[PDB]
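This is what each chain is made of:
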Amino acid sequence: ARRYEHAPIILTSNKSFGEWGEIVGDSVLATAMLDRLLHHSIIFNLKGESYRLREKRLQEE
Amino acid sequence: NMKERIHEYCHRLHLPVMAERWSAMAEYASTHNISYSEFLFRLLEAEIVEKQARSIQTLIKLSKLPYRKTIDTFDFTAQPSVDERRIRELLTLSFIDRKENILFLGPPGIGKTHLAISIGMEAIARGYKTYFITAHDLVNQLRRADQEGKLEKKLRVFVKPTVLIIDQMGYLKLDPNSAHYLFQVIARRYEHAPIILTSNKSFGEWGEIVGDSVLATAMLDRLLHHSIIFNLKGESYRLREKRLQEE
Amino acid sequence: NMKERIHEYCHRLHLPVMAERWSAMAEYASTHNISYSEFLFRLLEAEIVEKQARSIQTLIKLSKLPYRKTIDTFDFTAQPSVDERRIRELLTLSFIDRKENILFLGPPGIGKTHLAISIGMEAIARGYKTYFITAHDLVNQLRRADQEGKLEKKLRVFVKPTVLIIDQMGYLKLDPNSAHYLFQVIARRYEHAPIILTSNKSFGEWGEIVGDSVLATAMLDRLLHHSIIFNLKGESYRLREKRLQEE
Amino acid sequence: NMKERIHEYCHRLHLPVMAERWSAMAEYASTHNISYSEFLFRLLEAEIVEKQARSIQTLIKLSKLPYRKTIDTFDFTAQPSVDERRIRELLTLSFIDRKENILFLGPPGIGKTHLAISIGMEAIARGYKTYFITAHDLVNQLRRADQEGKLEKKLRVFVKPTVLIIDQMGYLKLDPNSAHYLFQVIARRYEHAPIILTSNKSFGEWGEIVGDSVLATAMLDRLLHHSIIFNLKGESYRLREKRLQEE
Ligand SMILES: Nc1ncnc2c1ncn2[C@@H]1O[C@H](COP(=O)(O)OP(=O)(O)OP(=O)(O)O)[C@@H](O)[C@H]1O
Ligand SMILES: Nc1ncnc2c1ncn2[C@@H]1O[C@H](COP(=O)(O)OP(=O)(O)OP(=O)(O)O)[C@@H](O)[C@H]1O
Ligand SMILES: Nc1ncnc2c1ncn2[C@@H]1O[C@H](COP(=O)(O)OP(=O)(O)OP(=O)(O)O)[C@@H](O)[C@H]1O
Ligand SMILES: [Mg+2]
Ligand SMILES: [Mg+2]
Ligand SMILES: [Mg+2]
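Looking at the method and resolution fields of the entry, one finds cryo-EM and 3.62 Å.

The PDB entry lists chain B under the name Insertion sequence IS5376 putative ATP-binding protein, from Geobacillus stearothermophilus. Among the UniProt annotations of chain B, the heading Sequence similarities holds the following wording: "Belongs to the IS21/IS1162 putative ATP-binding protein family."

Naming follows the PDB entry, where chain A appears as Insertion sequence IS5376 putative ATP-binding protein of Geobacillus stearothermophilus.

Listed below in structure tokens is the structure:
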């Protein structure tokens, strides 16, 4: 809220927005957070093999 | 013969009251030569009156009303804050048709519980299903239902009643868990049945009461979207009675 | 007016019969000289006649009998083997009060199931609970109940009935599992309620029927401790009627 | 033989007291040829007296009574403030029927808790259940009940007794959590059982004592709705006794 429409927030997560209700243990509060955040948001759904694992494989070979 | 067969018939119909009452009304008909239509009308009238009285008593038994009280035993002179117009409008039970939540606010001892219980009694008498519970008791019931796996059953029994009278909301502080239980109850009763509530704390204090500001705001919005609140203030009836006994 | 309120009360008491019979009895009494007591007696008579008809229909709905038939429909001249004395003694249902099980034996086509069904129908009319099931269907029900964990419920609902009629015992062979299910049923109904059974195989064949000699012996002992057996023989009524139709 | 069987039967009936009472009453009757009815009356009366004395002692032991004291061992001359009329009216226990709470206020040393304990002992003697506890200990016990999840059990055991004697209310300051615990205790006993309390602070100070003005007002209203207050003032009995010992 303090950084809502006042300064950008760069956040990295691994759970969909719906799961935030369980993550924080409050469905209403999680929904409020998501609604306020998505009002000014840019989403990046990244999919791919873990670069750590690929680097480890390359080191092995 | 005749009388024994008649008694067996009446008890088969599940109406021993009818059994005894047809005797009185048949004797009356013979004593005054009452038409058969009027005789049956009397039989049915008395049987229906007794059946409805027993049904009202059973409904009161099922409802966990701490005590029975009626607006007749209320003083509208010592409490200028209340207006007889609005009290009678509530007694009309138009809020049930219009789905309006009735709330009472004010310091202890005013008598906010008396009007709510009288309205509940009138609703029960007219046939509406009304249930009474305290905030502490309601929270306990919800927690136990969640623990025992019968949360659905208790939510159903708390939501189905046409009127749900939550009492002592504010004296006892609530944790976020109880806050979410109360939120579930309110959401189930969002726009499905009126809620009657009594409290002594301002709406702002509900944030501290429930331990979560946003939950308090959501519950307040849901409850007050369709609500009528009576903010009563004045002298405590308990203190006035104590003073009167002293003098 | 008076008629509309009368009908309202009658339906509220669940008595559309009362609305109907009051019309008829009122018309008759206005066209006759019926003292109010006798008018009420006629009213209750009509009410209970219709009520008993509805109760019998509901009981038959709950009951799972194959078809409706009466002992009077059974002719004894075409089947001299049966004796009207014992058949009518069974019709009196004195065996039920004595906790005596009834067994019918003989080649198919004689009409034992007719007598069993007639006794069941008379028991239903007199108010005694009566349930019907075939051996194969009963075994299927018990097996499914054990599989689904509802064995206790099915055992309770099959032991509670005052009269239980097992049919088609002998046509289909039983594995030891079905044998133990049947033994459970019999043991629950050892000396608690009569059992009416029909079969086409002698008692000795039951050992191979149930796939266990000892279980067959135990079940036969328990069943025949207090029972009456009709070893009826003659001509297959189905084939005789087919021949009569041909000629 | 005879005596051994008599003793065994008395013990089986759970009356060894009656076993010894006939050992004496039989000799007494032999000395005077007492009637059988009077003999049995003697036995039964002695048994009842002994059992009642043992039950009273057990009730005293169960109740957390720091010491036993009677109003007889209390001089009202040294305390002109107390009126013997009102003290004996309290001793009559008429407040129990009227559900009137008794409060003793005043500076330390007068002996208010002496009167409270005397009333508790009278209640024990007359059969009325009484439980004596300090405010600090009550708060601690309620907190433990909340912590361990047996709050219902502790509230039940602290509300069932006919009389609850809260002592040392005012010496120790209470936080709002303890205030809500005390409010729960009061509410469960709002109009169900009289409460006896002793304090040294005026009602106004209770707001700071409990850390909540509104809770203090609610508790005071519930306590004083049906109550009789005794604000005793004078010289401290402990100080007077110390002076007497010095001189
Ligand atoms: N105007 C009134 N006429 C008659 N009885 C009244 C009136 N107001 C209150 N009472 C009765 O006085 C007693 C105290 O009032 P009540 O407890 O209902 O009020 P309250 O302010 O909701 O109380 P609290 O917050 O202490 O629980 C109750 O018996 C109530 O029925
Ligand atoms: N006395 C009778 N009067 C009329 N029909 C009869 C009589 N006895 C037998 N029937 C006929 O017999 C058939 C009834 O057979 P029922 O099931 O009662 O005997 P069953 O020997 O147990 O039969 P199943 O062949 O099924 O083993 C019907 O056709 C019925 O009409
Ligand atoms: N009138 C009296 N006659 C005899 N003993 C008395 C009398 N008044 C008080 N006492 C004794 O004086 C002591 C003080 O009594 P108690 O503790 O009940 O007083 P209190 O004013 O309630 O005390 P505090 O406020 O210090 O807790 C006790 O031993 C009590 O028995
Ligand atoms: Mg109230
Ligand atoms: Mg057959
Ligand atoms: Mg003291």
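Considerations on the overall build of chain A
Helices and strands together make up the secondary structure of chain A, namely three helices and zero strands. The helix and strand sequence of chain A, counted from the amino end, reads α-α-α. Computed over C-alpha atoms, the radius of gyration of chain A comes to 16 Å, more than 25% over the 10 Å expected from 2.2 N^0.38 for 61 residues, which places it beyond the range of a compact globule. Taking the principal axes of its C-alpha atoms as reference, chain A extends roughly 50 × 25 × 15 Å.

As for the layout of surface pockets
In this structure, the largest pocket occupies an estimated 1,400 Å³ of space. As for the largest pocket, its lining consists of 41 residues, and the residues nearest its centre are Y67(B), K69(B), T113(B), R238(B) and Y190(D). Secondary structure elements with two or more residues in the lining of the largest pocket: α6 (112-126), β2 (130-134), α7 (135-148), β3 (163-169) and α12 (237-246) of chain B together with α9 (176-188) of chain D. A per-class count over the lining of the largest pocket returns 15 nonpolar, 13 polar and 13 charged.

A few points about the interface of chain C and chain B
Listed as interface residues are 26 residues of chain C and, on the opposing side, 31 residues of chain B. At the surface where chain C touches chain B, the tally comes to one salt bridge. Its salt-bridge partner being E45(C), residue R5(B) comes within 2.8 Å of it at the nearest N-O pair. Inspection of the chain C/chain B interface yields six residue pairs in polar contact. Taken together, the elements giving at least two residues each to the side of chain C that touches chain B come down to α1 (2-12), α2 (16-30) and α3 (36-62) of chain C.

Comments concerning the packing of helix α3 (residues 36-62) of chain B against α2(C)
Here α3(B) crosses α2(C) at 150 degrees, and the two axes come no closer than 10 Å. It follows from the interaxial angle that α3(B) and α2(C) lie roughly antiparallel. Of the residues in α2(C), those touching α3(B) at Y36(B), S37(B), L40(B) and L44(B) are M18(C), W22(C), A29(C) and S30(C).

Reading the values: rules and limits
- Residues numbered from 1 in each chain as written, not as in the entry; some residues may be left out.
- Chains lettered and ligands numbered in written order.
- Part of a larger assembly, values for the part shown.
- Heavy atoms only, no water.
- UniProt positions renumbered as here; feature names shortened; annotations may be inferred.
- Helix = DSSP H or I, 4+ residues; strand = E, 2+ residues; numbered from the N terminus.
- Rg over C-alpha atoms; globule rule 2.2 N^0.38 Å.
- 1 Å grid on protein atoms, 1.4 Å probe; cavity = no way out; pocket = protein on both sides within 12 Å on 5 of 7 lines; lining within 4 Å.
- Points joined across faces, edges and corners; volume = space filled by probe spheres on them.
- Nonpolar A, V, L, I, M, F, W, Y, C, P; charged D, E, K, R; others polar.
- Contact = heavy atoms within 4.5 Å.
- Salt bridge = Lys/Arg side-chain N within 4 Å of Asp/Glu carboxyl O.
- Polar contact = N/O pair within 3.5 Å; in protein donor to acceptor, adjacent residues only side chain to side chain.
- Axes fitted to C-alpha atoms, helices over the stretch in contact; angles between N-to-C directions.
- Parallel < 35°, antiparallel > 145°, perpendicular 65-115°, else oblique.

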